[PDB]
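Novice:
2 protein chains.
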Amino acid sequence: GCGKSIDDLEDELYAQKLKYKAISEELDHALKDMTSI
Amino acid sequence: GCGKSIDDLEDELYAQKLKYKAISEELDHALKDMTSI
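For the record, the sequence lines run as chains A and B.
Counting in the numbering used here, the first sequence runs from 41 upward without gaps.
Counting in the numbering used here, the second sequence runs from 41 upward without gaps.
1) Counting along the chain, where does the alpha helix (DSSP H) carrying B/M74 start and finish?
2) Measure the Cβ-Cβ separation of B/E52 and B/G41 and say whether it is below 7 Å.
3) Taking the alpha-carbon positions, what's the A/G43 to A/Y54 distance?
4) Quick one: using the 10 Å Cβ neighbour count with 16 as the cut-off for buried, is B/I77 buried or exposed?
5) Could you check the C-alpha separation between B/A70 and A/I63 for me, to the nearest Å?
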């Protein structure tokens, strides 16, 4: 075992990862779209 | 934190959470602050 719920951890984690990259991207792109005025 | 490499998991997790909301907001605000320049 781990301690409580590690499984759901890796799950929510991985998801948070793809969300962290999708967000980080959409973010940089969100600003890139506006270019450095 | 389990007993392998979950620690960094829970860390990156909770971080990804506060970072997810901090990014989401900082993002919207990042653009809101930018506005159609």
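Ideal Cβ positions, reconstructed from N, Cα and C, are used throughout, including at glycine.
Specialist: Reading it off the structure:
1) Position 34 of the second sequence, counted from the start, is the residue given in the question as residue 74 of chain B. B/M74 -> alpha helix (DSSP H) spans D47 to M74.
2) In the second sequence, residue 52 of chain B corresponds to position 12, counting from 1. In the second sequence, residue 41 of chain B corresponds to position 1, counting from 1. In this structure, B/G41 does not lie closer than 7 Å to B/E52 by Cβ.
3) Walking along the first sequence from the start, residue 43 of chain A turns up at place 3. Walking along the first sequence from the start, residue 54 of chain A turns up at place 14. Taking the straight line joining both Cα atoms gives about 19 Å.
4) Locating residue 77 of chain B in the second sequence gives position 37, counting from the first residue. That one is exposed.
5) The residue you call residue 70 of chain B lines up with position 30 of the second sequence. The residue you call residue 63 of chain A lines up with position 23 of the first sequence. If I take the Cα positions, the gap works out to 13 Å.
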